[PDB]
Structures are given as C-alpha cells and as structure tokens.
file my_file_37.cif (mmCIF, C-alpha atoms and all ligand atoms)
data_input
#
loop_
_atom_site.label_atom_id
_atom_site.label_comp_id
_atom_site.auth_asym_id
_atom_site.auth_seq_id
_atom_site.Cartn_x
_atom_site.Cartn_y
_atom_site.Cartn_z
CA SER H 5 0.00 0.00 0.00
CA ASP H 6 1.35 3.42 -1.04
CA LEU H 7 1.20 6.65 0.94
CA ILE H 8 -1.01 9.61 0.02
CA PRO H 9 1.46 11.61 -2.19
CA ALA H 10 3.18 14.67 -0.69
CA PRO H 11 1.57 17.88 -2.04
CA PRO H 12 3.53 20.17 -4.39
CA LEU H 13 5.19 22.99 -2.41
CA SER H 14 2.93 25.30 -4.50
CA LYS H 15 0.01 24.28 -2.27
CA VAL H 16 2.05 24.96 0.89
CA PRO H 17 2.31 28.72 1.66
CA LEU H 18 5.40 30.24 3.28
CA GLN H 19 5.05 32.76 6.17
CA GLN H 20 5.96 36.13 4.58
CA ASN H 21 8.90 38.04 6.17
CA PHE H 22 9.48 35.21 8.64
CA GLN H 23 11.03 36.44 11.91
CA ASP H 24 13.44 33.79 13.28
CA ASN H 25 13.88 35.57 16.67
CA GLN H 26 10.10 35.79 17.38
CA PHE H 27 9.59 32.10 16.45
CA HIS H 28 12.00 30.95 19.21
CA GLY H 29 11.12 29.10 22.43
CA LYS H 30 8.60 26.44 23.40
CA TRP H 31 5.65 25.29 21.30
CA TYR H 32 3.11 22.59 22.14
CA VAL H 33 1.92 20.12 19.50
CA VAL H 34 -1.85 20.87 19.49
CA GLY H 35 -2.51 19.28 16.09
CA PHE H 36 -0.56 16.84 13.91
CA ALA H 37 -1.62 15.54 10.50
CA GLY H 38 0.29 13.46 7.95
CA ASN H 39 0.41 10.63 5.44
CA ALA H 40 2.14 8.36 8.03
CA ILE H 41 0.08 9.25 11.11
CA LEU H 42 -3.23 7.60 11.96
CA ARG H 43 -5.72 8.82 14.52
CA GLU H 44 -6.42 6.08 17.08
CA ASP H 45 -8.88 7.02 19.85
CA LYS H 46 -8.51 3.89 22.09
CA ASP H 47 -4.93 4.85 23.10
CA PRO H 48 -4.53 8.40 21.66
CA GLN H 49 -1.29 10.22 21.10
CA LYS H 50 -0.24 12.41 24.02
CA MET H 51 0.80 16.01 23.50
CA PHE H 52 4.51 16.78 23.17
CA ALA H 53 6.54 20.00 23.13
CA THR H 54 9.23 21.29 20.73
CA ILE H 55 11.70 24.03 21.77
CA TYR H 56 13.38 26.13 19.06
CA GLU H 57 16.64 27.75 20.25
CA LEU H 58 18.01 30.29 17.72
CA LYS H 59 21.78 29.87 17.47
CA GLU H 60 24.41 32.58 16.86
CA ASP H 61 24.77 31.18 13.28
CA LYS H 62 20.92 31.54 12.82
CA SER H 63 20.30 27.76 12.76
CA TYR H 64 17.86 26.36 15.39
CA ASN H 65 18.72 23.70 17.95
CA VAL H 66 15.33 21.96 18.04
CA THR H 67 14.46 19.79 21.02
CA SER H 68 11.26 17.77 21.18
CA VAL H 69 10.28 16.53 24.67
CA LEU H 70 7.87 13.58 24.89
CA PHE H 71 6.41 11.37 27.65
CA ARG H 72 6.97 7.74 26.55
CA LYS H 73 6.38 4.71 28.80
CA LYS H 74 7.37 6.26 32.18
CA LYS H 75 10.31 8.36 31.07
CA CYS H 76 10.93 11.58 29.20
CA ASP H 77 12.05 11.08 25.59
CA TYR H 78 13.86 13.55 23.34
CA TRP H 79 14.54 14.26 19.70
CA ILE H 80 17.31 16.83 19.36
CA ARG H 81 18.21 18.09 15.90
CA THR H 82 19.42 21.13 13.98
CA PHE H 83 17.30 23.10 11.51
CA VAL H 84 19.63 24.90 9.03
CA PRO H 85 18.29 27.96 7.11
CA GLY H 86 17.18 26.94 3.61
CA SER H 87 16.71 28.75 0.29
CA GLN H 88 14.09 31.18 1.60
CA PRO H 89 13.37 32.69 5.07
CA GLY H 90 11.08 30.38 7.02
CA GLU H 91 12.45 27.29 5.26
CA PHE H 92 14.90 24.90 6.90
CA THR H 93 16.58 21.59 6.26
CA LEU H 94 17.77 18.93 8.74
CA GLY H 95 21.39 19.40 9.81
CA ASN H 96 23.65 16.35 9.82
CA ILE H 97 21.31 14.37 7.50
CA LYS H 98 24.29 12.03 6.85
CA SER H 99 23.64 10.65 10.38
CA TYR H 100 20.06 9.54 9.46
CA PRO H 101 20.57 6.43 7.25
CA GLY H 102 18.10 6.08 4.37
CA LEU H 103 16.96 9.70 4.83
CA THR H 104 17.74 11.50 1.57
CA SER H 105 15.96 14.81 2.33
CA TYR H 106 14.17 16.63 5.12
CA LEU H 107 12.47 19.99 4.53
CA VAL H 108 10.73 22.39 6.95
CA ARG H 109 8.40 25.21 5.78
CA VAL H 110 6.72 27.59 8.22
CA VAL H 111 3.29 28.11 6.69
CA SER H 112 1.87 30.76 9.07
CA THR H 113 2.42 32.06 12.59
CA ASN H 114 1.55 35.08 14.72
CA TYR H 115 4.59 34.12 16.87
CA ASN H 116 2.87 34.63 20.30
CA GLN H 117 -0.08 32.17 20.03
CA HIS H 118 0.03 29.74 17.06
CA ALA H 119 2.03 28.42 14.08
CA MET H 120 1.51 25.85 11.33
CA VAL H 121 4.65 24.15 10.04
CA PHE H 122 5.01 21.72 7.15
CA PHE H 123 7.60 18.93 7.10
CA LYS H 124 8.37 16.73 4.13
CA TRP H 125 11.02 14.01 4.02
CA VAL H 126 12.16 11.12 1.84
CA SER H 127 13.25 7.85 3.48
CA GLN H 128 14.11 4.59 1.67
CA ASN H 129 12.64 6.17 -1.51
CA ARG H 130 9.16 6.89 0.08
CA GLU H 131 7.78 10.46 0.39
CA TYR H 132 6.43 11.47 3.84
CA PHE H 133 4.92 14.72 5.13
CA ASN H 134 3.14 16.24 8.06
CA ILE H 135 1.60 19.51 9.12
CA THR H 136 1.99 20.55 12.75
CA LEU H 137 -0.23 22.98 14.61
CA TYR H 138 1.85 24.53 17.37
CA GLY H 139 0.41 26.55 20.27
CA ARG H 140 2.16 28.64 22.90
CA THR H 141 -0.51 27.08 25.19
CA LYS H 142 -1.87 23.53 25.21
CA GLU H 143 -5.30 24.64 23.95
CA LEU H 144 -6.17 26.66 20.83
CA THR H 145 -9.53 27.93 19.56
CA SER H 146 -12.01 25.81 17.63
CA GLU H 147 -11.49 28.22 14.71
CA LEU H 148 -7.69 27.59 14.59
CA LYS H 149 -8.37 23.85 14.87
CA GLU H 150 -11.00 23.84 12.04
CA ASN H 151 -8.61 25.92 9.88
CA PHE H 152 -5.98 23.20 10.47
CA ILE H 153 -8.44 20.45 9.42
CA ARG H 154 -9.31 22.50 6.27
CA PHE H 155 -5.66 23.00 5.35
CA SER H 156 -4.89 19.35 6.07
CA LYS H 157 -7.73 18.24 3.77
CA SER H 158 -6.47 20.68 1.08
CA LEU H 159 -3.13 18.77 1.12
CA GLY H 160 -4.97 15.45 0.50
CA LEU H 161 -5.27 14.18 4.11
CA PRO H 162 -8.59 12.59 5.20
CA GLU H 163 -9.85 13.08 8.75
CA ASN H 164 -8.37 9.74 10.01
CA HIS H 165 -4.86 11.20 9.38
CA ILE H 166 -5.50 14.29 11.61
CA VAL H 167 -4.67 14.00 15.31
CA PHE H 168 -5.28 16.42 18.22
CA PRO H 169 -2.86 15.07 20.87
CA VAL H 170 -4.26 14.86 24.42
CA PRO H 171 -2.74 17.49 26.79
CA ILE H 172 -0.48 16.13 29.56
CA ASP H 173 1.80 17.60 32.27
CA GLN H 174 4.69 15.08 32.60
CA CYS H 175 7.91 15.96 30.70
CA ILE H 176 6.37 18.60 28.41
CA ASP H 177 5.47 21.24 30.99
CA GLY H 178 8.42 21.68 33.36
CA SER H 179 6.71 24.35 35.51
CA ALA H 180 2.99 23.31 35.51
CA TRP H 181 3.30 21.52 38.86
CA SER H 182 -0.12 19.97 38.40
CA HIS H 183 -2.28 18.89 41.35
CA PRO H 184 -5.87 17.57 41.74
CA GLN H 185 -8.29 20.16 40.29
CA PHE H 186 -10.92 21.92 42.40
CA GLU H 187 -14.44 21.34 40.97
CA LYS H 188 -12.86 20.15 37.66
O1 LIG O 1 6.66 15.07 13.49
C1 LIG O 1 7.27 14.62 14.64
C2 LIG O 1 8.16 15.28 15.46
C3 LIG O 1 8.62 14.56 16.56
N1 LIG O 1 9.54 15.20 17.47
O2 LIG O 1 9.98 14.53 18.40
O3 LIG O 1 9.84 16.37 17.26
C4 LIG O 1 8.26 13.25 16.82
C5 LIG O 1 7.40 12.61 15.95
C6 LIG O 1 6.89 13.30 14.89
#

call {"tool": "encode", "arguments": {"input": "my_file_37.cif", "output": "structure tokens"}}
result
Amino acid sequence: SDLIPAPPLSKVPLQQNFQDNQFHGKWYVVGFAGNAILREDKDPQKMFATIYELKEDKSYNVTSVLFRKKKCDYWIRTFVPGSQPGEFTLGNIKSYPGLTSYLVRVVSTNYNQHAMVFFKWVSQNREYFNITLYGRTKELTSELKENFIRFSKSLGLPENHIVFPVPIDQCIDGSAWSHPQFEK
C-alpha cells in the first residue's frame, strides 16, 4: 500500500517576512496531521513540546520533549536555514541512514499564540509529510483547529490522518506543577 502523495510545495504557503527571533522558544503540538500518522482514539497520542533555540549562526537547535512509557524522551536536531526565510533543512542528514531529504516550511504564525509548520522528508525512496499545529498554550480555539483540518484536507489528508494530541503535564510542561483540580 502506497502513501497519500506529498503535495507540491505550490500548495504549501510560506510565512511572509518570517522572523526567526520571534519564532523561538517552546511550542506545544496541538494538532498533527500526515500521510504516516493515523488517529487512534482507544490509546490516543499524548501532547509533546518542541523548543526552538536560535543559534548565533541563525540555525535552530530543536528539542522535542515527549512522555513515553514512564520516562521523558527527546529528539534533538538542527534546523539549518534553507533557500528562503522560514524554510529549513535537517542538519547532519548524513547521520540519518536512508533519509535522503528533510524539509521544513513555516506556513503561518503570529509568533505569540500559534504556528503551522510543514515537514516533508524522503526515506528509503518513500515520500512522507506532516503539518503541525503549534500553540504557545496547550489549547487553541475551535477556529484555529478547524482551519488546520481544512488545510490538512487541502493537502490530500482525510480526517483519520489528523490528530489532536491529548494534553499532559509530565515531561512537556516543566513548571505546571499539576495537582488535583478543584471542581474540575
Ligand atoms: O513530526 C514529529 C516530530 C517529533 N519530534 O519529536 O519532534 C516526533 C514525531 C513526529
């Protein structure tokens, strides 16, 4: 079975006059849609966070923090500025065997609340992509979430390939200090 084909970059807008400094810091994964992700409601994906640290050389050190089994997991990698502002490629791709390309395109952001970012990669000659909806908080509006579904569908993704990860406290919010909620 083949994957839904990756859309042409023509269908994927680029945030105009992208501001690398304002994009920095922590984002939560509020939505995640892609040709290799399947929504599964019995044991749903938990929310994770991705921290973008802008380096002197204007690359990002990008650190994803996830809760997996009963430990914190990480994916640390470098996003190197690409051909246009708001585009990046994966640094040290030589160290990812079978990965022949990895492209990042910031679609839209207002920097202080939300962003949508497109990722496309090629691995053992198959084409993969996702769209991420990032929030500065763990919840976004229904409007931002329906916009994300719309955009996802415009790139060829049916609803069963669109996931809204369940908010969590462990690992991803190092300062939430959660406790039992009064009249939750
Ligand atoms: O798309 C995507 C990103 C991560 N991450 O750790 O940053 C993990 C799985 C999927």

call {"tool": "closest_atom_pairs", "arguments": {"input": "my_file_37.cif", "of": "region 12-110 of chain H", "to": "region 132-147 of chain H", "cutoff": "10 Å", "atoms": "all atoms listed in the file", "output": "tab-separated table"}}
result
residue	atom	partner	partner_atom	distance
H:16	CA	H:135	CA	9.9
H:29	CA	H:140	CA	9.0
H:30	CA	H:140	CA	6.8
H:31	CA	H:140	CA	5.1
H:32	CA	H:139	CA	5.1
H:33	CA	H:138	CA	4.9
H:34	CA	H:137	CA	5.6
H:35	CA	H:137	CA	4.6
H:36	CA	H:136	CA	4.6
H:37	CA	H:135	CA	5.3
H:38	CA	H:134	CA	4.0
H:39	CA	H:133	CA	6.1
H:40	CA	H:132	CA	6.8
H:41	CA	H:134	CA	8.2
H:51	CA	H:142	CA	8.2
H:52	CA	H:142	CA	9.5
H:53	CA	H:138	CA	8.7
H:54	CA	H:138	CA	8.7
H:106	CA	H:132	CA	9.4
H:107	CA	H:133	CA	9.2
H:108	CA	H:133	CA	9.8
H:109	CA	H:135	CA	9.5
H:110	CA	H:135	CA	9.6

call {"tool": "write_last_selection", "arguments": {"input": "my_file_37.cif", "atoms": "C-alpha atoms", "output": "mmCIF file, in the frame of the given file"}}
result
data_model
loop_
_atom_site.group_PDB
_atom_site.id
_atom_site.type_symbol
_atom_site.label_atom_id
_atom_site.label_comp_id
_atom_site.auth_asym_id
_atom_site.auth_seq_id
_atom_site.Cartn_x
_atom_site.Cartn_y
_atom_site.Cartn_z
ATOM 1 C CA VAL H 16 2.050 24.960 0.890
ATOM 2 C CA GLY H 29 11.120 29.100 22.430
ATOM 3 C CA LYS H 30 8.600 26.440 23.400
ATOM 4 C CA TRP H 31 5.650 25.290 21.300
ATOM 5 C CA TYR H 32 3.110 22.590 22.140
ATOM 6 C CA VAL H 33 1.920 20.120 19.500
ATOM 7 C CA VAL H 34 -1.850 20.870 19.490
ATOM 8 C CA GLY H 35 -2.510 19.280 16.090
ATOM 9 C CA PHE H 36 -0.560 16.840 13.910
ATOM 10 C CA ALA H 37 -1.620 15.540 10.500
ATOM 11 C CA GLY H 38 0.290 13.460 7.950
ATOM 12 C CA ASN H 39 0.410 10.630 5.440
ATOM 13 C CA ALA H 40 2.140 8.360 8.030
ATOM 14 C CA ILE H 41 0.080 9.250 11.110
ATOM 15 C CA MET H 51 0.800 16.010 23.500
ATOM 16 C CA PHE H 52 4.510 16.780 23.170
ATOM 17 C CA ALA H 53 6.540 20.000 23.130
ATOM 18 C CA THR H 54 9.230 21.290 20.730
ATOM 19 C CA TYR H 106 14.170 16.630 5.120
ATOM 20 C CA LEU H 107 12.470 19.990 4.530
ATOM 21 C CA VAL H 108 10.730 22.390 6.950
ATOM 22 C CA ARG H 109 8.400 25.210 5.780
ATOM 23 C CA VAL H 110 6.720 27.590 8.220
#

call {"tool": "residues_near_ligand", "arguments": {"input": "my_file_37.cif", "ligand": "ligand LIG 1 (chain O)", "cutoff": "7 Å", "atoms": "all atoms listed in the file", "output": "list in words"}}
result
residues 54, 67, 68, 69, 70, 78, 79 and 134 of chain H

call {"tool": "atom_distance", "arguments": {"input": "my_file_37.cif", "atom1": "CA of residue 94 (chain H)", "atom2": "CA of residue 81 (chain H)"}}
result
7.2 Å

call {"tool": "residues_around", "arguments": {"input": "my_file_37.cif", "residues": "residue 93 (chain H)", "least_positions_apart": "5", "cutoff": "10 Å", "atoms": "only C-alpha atoms", "output": "mmCIF file with C-alpha atoms, in the frame of the given file"}}
result
data_model
loop_
_atom_site.group_PDB
_atom_site.id
_atom_site.type_symbol
_atom_site.label_atom_id
_atom_site.label_comp_id
_atom_site.auth_asym_id
_atom_site.auth_seq_id
_atom_site.Cartn_x
_atom_site.Cartn_y
_atom_site.Cartn_z
ATOM 1 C CA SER H 63 20.300 27.760 12.760
ATOM 2 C CA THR H 82 19.420 21.130 13.980
ATOM 3 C CA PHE H 83 17.300 23.100 11.510
ATOM 4 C CA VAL H 84 19.630 24.900 9.030
ATOM 5 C CA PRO H 85 18.290 27.960 7.110
ATOM 6 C CA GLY H 86 17.180 26.940 3.610
ATOM 7 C CA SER H 87 16.710 28.750 0.290
ATOM 8 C CA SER H 105 15.960 14.810 2.330
ATOM 9 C CA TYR H 106 14.170 16.630 5.120
ATOM 10 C CA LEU H 107 12.470 19.990 4.530
ATOM 11 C CA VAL H 108 10.730 22.390 6.950
ATOM 12 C CA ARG H 109 8.400 25.210 5.780
ATOM 13 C CA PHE H 123 7.600 18.930 7.100
ATOM 14 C CA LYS H 124 8.370 16.730 4.130
ATOM 15 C CA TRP H 125 11.020 14.010 4.020
#

call {"tool": "residues_around", "arguments": {"input": "my_file_37.cif", "residues": "residue 101 (chain H)", "least_positions_apart": "3", "cutoff": "10 Å", "atoms": "all atoms listed in the file", "output": "number ranges by chain"}}
result
H: 97-98, 104, 127-128

call {"tool": "closest_residue", "arguments": {"input": "my_file_37.cif", "among": "H:176, H:119, H:103, H:153", "to": "residue 131 (chain H)", "atoms": "all atoms listed in the file"}}
result
H:103

call {"tool": "closest_residue", "arguments": {"input": "my_file_37.cif", "among": "H:115, H:102, H:42, H:186", "to": "residue 129 (chain H)", "atoms": "only C-alpha atoms"}}
result
H:102

call {"tool": "atom_distance", "arguments": {"input": "my_file_37.cif", "atom1": "CA of residue 45 (chain H)", "atom2": "CA of residue 188 (chain H)"}}
result
22.5 Å

call {"tool": "build_atoms", "arguments": {"input": "my_file_37.cif", "residues": "region 138-157 of chain H", "atoms": "N, CA, C and O atoms", "output": "compact mmCIF listing (two decimals), keeping the file's coordinate frame"}}
result
# COMPACT_ATOMS: atom_id res chain seq x y z
N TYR H 138 1.20 24.15 16.14
CA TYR H 138 1.85 24.53 17.37
C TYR H 138 1.04 25.61 18.09
O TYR H 138 0.51 26.55 17.44
N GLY H 139 0.96 25.49 19.42
CA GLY H 139 0.41 26.55 20.27
C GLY H 139 1.40 26.94 21.34
O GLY H 139 2.24 26.13 21.75
N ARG H 140 1.35 28.20 21.78
CA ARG H 140 2.16 28.64 22.90
C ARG H 140 1.54 28.09 24.19
O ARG H 140 2.22 27.98 25.18
N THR H 141 0.24 27.76 24.14
CA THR H 141 -0.51 27.08 25.19
C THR H 141 -0.97 25.73 24.63
O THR H 141 -0.89 25.49 23.42
N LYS H 142 -1.50 24.89 25.52
CA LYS H 142 -1.87 23.53 25.21
C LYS H 142 -3.25 23.45 24.54
O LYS H 142 -3.63 22.39 24.05
N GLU H 143 -4.00 24.56 24.58
CA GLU H 143 -5.30 24.64 23.95
C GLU H 143 -5.26 25.77 22.92
O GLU H 143 -4.65 26.80 23.18
N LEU H 144 -5.87 25.55 21.76
CA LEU H 144 -6.17 26.66 20.83
C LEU H 144 -7.68 26.68 20.56
O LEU H 144 -8.44 25.79 21.00
N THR H 145 -8.11 27.71 19.83
CA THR H 145 -9.53 27.93 19.56
C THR H 145 -10.03 26.87 18.58
O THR H 145 -9.25 26.29 17.82
N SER H 146 -11.35 26.67 18.59
CA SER H 146 -12.01 25.81 17.63
C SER H 146 -11.76 26.33 16.21
O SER H 146 -11.58 25.53 15.29
N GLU H 147 -11.71 27.66 16.03
CA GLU H 147 -11.49 28.22 14.71
C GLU H 147 -10.11 27.80 14.19
O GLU H 147 -10.00 27.35 13.07
N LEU H 148 -9.07 27.94 15.02
CA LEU H 148 -7.69 27.59 14.59
C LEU H 148 -7.60 26.09 14.28
O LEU H 148 -6.88 25.70 13.37
N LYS H 149 -8.37 25.28 15.02
CA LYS H 149 -8.37 23.85 14.87
C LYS H 149 -9.14 23.45 13.60
O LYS H 149 -8.74 22.51 12.92
N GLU H 150 -10.22 24.17 13.25
CA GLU H 150 -11.00 23.84 12.04
C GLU H 150 -10.23 24.30 10.80
O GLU H 150 -10.23 23.60 9.80
N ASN H 151 -9.54 25.44 10.90
CA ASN H 151 -8.61 25.92 9.88
C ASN H 151 -7.55 24.85 9.57
O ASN H 151 -7.20 24.64 8.42
N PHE H 152 -7.02 24.22 10.61
CA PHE H 152 -5.98 23.20 10.47
C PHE H 152 -6.55 21.97 9.75
O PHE H 152 -5.92 21.43 8.87
N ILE H 153 -7.76 21.55 10.10
CA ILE H 153 -8.44 20.45 9.42
C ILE H 153 -8.61 20.78 7.92
O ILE H 153 -8.31 19.97 7.03
N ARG H 154 -9.09 22.00 7.65
CA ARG H 154 -9.31 22.50 6.27
C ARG H 154 -8.00 22.40 5.47
O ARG H 154 -7.95 21.81 4.40
N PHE H 155 -6.93 22.96 6.03
CA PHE H 155 -5.66 23.00 5.35
C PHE H 155 -5.15 21.58 5.13
O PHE H 155 -4.60 21.24 4.04
N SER H 156 -5.29 20.74 6.16
CA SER H 156 -4.89 19.35 6.07
C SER H 156 -5.59 18.67 4.89
O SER H 156 -4.95 18.01 4.06
N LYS H 157 -6.91 18.84 4.82
CA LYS H 157 -7.73 18.24 3.77
C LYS H 157 -7.30 18.78 2.39
O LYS H 157 -7.20 18.01 1.45
